[PDB]
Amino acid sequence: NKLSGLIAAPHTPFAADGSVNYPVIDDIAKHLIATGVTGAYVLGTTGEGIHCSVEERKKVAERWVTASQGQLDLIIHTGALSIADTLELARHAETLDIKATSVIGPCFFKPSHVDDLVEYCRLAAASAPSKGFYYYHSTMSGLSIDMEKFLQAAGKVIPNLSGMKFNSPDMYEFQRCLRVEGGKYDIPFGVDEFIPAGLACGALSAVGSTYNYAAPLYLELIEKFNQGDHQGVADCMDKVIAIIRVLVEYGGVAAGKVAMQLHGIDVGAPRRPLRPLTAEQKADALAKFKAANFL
C-alpha cells in the first residue's frame, strides 16, 4: 500500500533545557490529523533524529504511536552512524504499530558502491522485518550512488523494501526510480518547493517539513494542479516561495520550528550544533511567515 497525499516530517520538541518535551508530540500529532496530513516521517532530518540518543529515539517513536491513535501512517527513521545503534532502534521499531522503518545514507564513511549501500540497508531492514522499509535518499549525505541502480539491487535482497524517500532535485533520477520493477516501489517526493515538478513527474505523495504548518496551502496547490488551473498553481507557489525564503535566511530546522508557533505549538529550539534564533530573529521570521499569507 503506497503512501498518498502529504506526509509531514515532524519536529522533535525540546524543552528550554534541551530535553525532549514528550507531551508536545501529542500537540503536533493532533495538528497534523486536523489539517489533512496522512502520515508522519518521524526522527528524520526535520525531526533531528540524529540529535537524539538511542533511548530518546525509542521514547519519541513510542509517543508518536500513542499520540496518533491510528490516524497517521508512521515511518520511523532508524538511521545512525553506528550500525549498533541502528539495529537496536530497528529492533525496537519492530515492536511498534507503525507502517515502516527507514535509514538515511551514512554520511561520514560514505558508501561509494551500490552493493555496500545495499548491505547496510539490508541489515537495518532485516531487524524490522515485519514492517515496510524506505531508503532515505538525501543530498545531505553526499553519496554518488545512482538511486535507480540502488533500487534495482536492493529489490533483489531486501524482501520488505517499500521504496525510497526522495530528497534530491534530480527529477530525471526520480522518474527512473518510479519506473523500477514495473512501478512496484513507493517513491514519496521530498522537495516541498519543487512540488509542481514532483506532481508533473508522477509523484503520488510528498514528504516534507513545511506540511507541518502549511498543509492547507499545498492541498490547494494540488487541487489546482489536478483541475488544470495553471495560474492557481503559480499563485500558490508565490506563497510557497515566500515560506522557503524564511527557511533559507534563518535555517530550515530553526525557522520551521518557530513556524509551529503559528499554530500554538512551542517545539523549542533546535539542538546543537544547530544554531538557535535570537528573540529578534524569531520575531522577524514569524512576521515574514505571516506576510507570506498562507495561514
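Start at 1 and count along the sequence shown; that's the residue number.
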116 to 124 versus 170 to 178 - greater average Cα B-factor per the deposited record: 116 to 124
Pick between 129 to 137 and 68 to 76: the one whose mean CA B-factor in the entry is higher. 68 to 76
So among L274, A9, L286, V24, who wins on Cα B-factor in the entry? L286
Among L43, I244, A34, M260, the highest C-alpha B-factor in the PDB entry belongs to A34
Using the B-factors in the PDB entry, rank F189's C-alpha atom against the chain and give the third, lowest, middle or highest. lowest
Using only modelled residues of the chain, where does the Cα B factor of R63 rank: lowest third, middle third or highest third? middle
Relative to the other modelled residues in the chain, which third contains the C-alpha temperature factor of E88: lowest, middle or highest? middle
Of the three thirds of its chain by CA temperature factor, lowest, middle or highest, which one includes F225? highest
Would you check the entry's CA temperature factor for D235 and let me know if it's in the chain's lowest, middle or highest third? highest
